[PDB]
Amino acid sequence: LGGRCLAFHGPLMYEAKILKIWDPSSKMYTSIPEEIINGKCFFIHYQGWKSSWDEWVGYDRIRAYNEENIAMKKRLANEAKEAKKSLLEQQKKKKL
DNA sequence: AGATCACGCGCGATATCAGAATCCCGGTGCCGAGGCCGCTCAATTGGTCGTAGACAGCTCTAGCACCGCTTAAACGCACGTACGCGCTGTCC
């Protein structure tokens, strides 16, 4: 509770802080979409964003705040920007 | 080669998907304002006396006015150069 974590949104990562941890067994959260209500999900406030973007995320969309996940986030950002540059270059080439 | 139609790209406008901040509407508790009461000090009433200001007469200084010359300064004109202003790009 309150620890730092990395969360999925699209093909990119975003640093977030856990505000609520949901325990489906006891039906309570320590301080919900049906597809994650059954399992242990977490309410997270994303670093660098407003409270309006706070959301519940399951285990699939979350990762521990470690070196490996930070590096994987950096790789995702790098491949995303590379893809955008490639798409722009392809459009430019198609234009001539 | 030129004109018309269709497709693609670029730009403008509206909408919108949102989400952000502000304004608004309602309930609530408050304390700040308006009011009444009592007391007293400052304003009003009455009177005096004296000097400050109002008024008339006179004086003469200064303001106004006028004229005429002469000549410093304003007005006018022209060339041009350098400063204002617009546009553009970069960096912070």
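Convention: sequence-line order gives letters A, B, ...; per-chain numbering from 1. Any value given below was found using the heavy atoms of this structure, including those in side chains, with hydrogens, waters and symmetry copies removed.
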When the distance from [atom1] of [X] to [atom2] of [N] is rounded to whole Å, what number comes out?
X: A:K93; N: B:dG8; atom1: NZ; atom2: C1'; result: 21 Å
X: A:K94; N: B:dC9; atom1: NZ; atom2: P; result: 9 Å
X: A:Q91; N: B:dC9; atom1: CD; atom2: P; result: 9 Å
X: A:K92; N: B:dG8; atom1: NZ; atom2: P; result: 22 Å
X: A:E55; N: B:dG19; atom1: CD; atom2: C1'; result: 16 Å

Any A:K95 side-chain nitrogen or oxygen under 4.0 Å from OP1 or OP2 of B:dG10 =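 Yes, because at least one side-chain N or O of A:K95 sits under 4.0 Å from OP1 or OP2 of B:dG10.
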OP1 or OP2 of B:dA20 less than 4.0 angstrom from a side-chain nitrogen or oxygen of A:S52, does that happen here?
-> yes
Treat each ILVMFWY residue as a node, draw an edge where side-chain heavy atoms are under 4.5 Å apart, and state whether A:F43 and A:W53 are in one component.
->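 Looking at the clustering, A:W53 is in a separate group from A:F43.
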Show every donor-acceptor pair shorter than 3.5 Å between a side-chain atom in residues 15-31 of chain A and any protein atom, with sequence neighbours excluded, or say none if there are none.
from: A:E15; atom 1: OE1; to: A:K17; atom 2: NZ; distance (Å): 3.3
from: A:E15; atom 1: OE2; to: A:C5; atom 2: N; distance (Å): 3.1
from: A:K17; atom 1: NZ; to: A:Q47; atom 2: OE1; distance (Å): 2.2
from: A:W22; atom 1: NE1; to: A:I37; atom 2: O; distance (Å): 2.9
from: A:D23; atom 1: OD1; to: A:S25; atom 2: N; distance (Å): 3.2
from: A:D23; atom 1: OD2; to: A:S26; atom 2: N; distance (Å): 3.4
from: A:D23; atom 1: OD2; to: A:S26; atom 2: OG; distance (Å): 2.5
from: A:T30; atom 1: OG1; to: A:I21; atom 2: O; distance (Å): 3.4

Look at all strands and tell whether A:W49 reaches a base, only sugar-phosphate, or nothing, counting heavy atoms closer than 4.0 Å.
->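 The residue A:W49 makes no contact with any strand.
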After noting the C-alpha distance and the side-chain angles of A:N78 and A:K81, does the key distance pass the side chain to side chain contact (heavy atoms under 4.5 Å, CB included) rule?
-> CA-CA 5 Å; A:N78 287 345; A:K81 47 96 144 182; 3.6 Å; yes
Pairs involving residues 57-83 of chain A, ordered by first then second residue, that meet ring-ring contact (aromatic ring centres under 6.0 Å, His included) (sequence neighbours left out) =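 Sorted pair list: A:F42-A:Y59.
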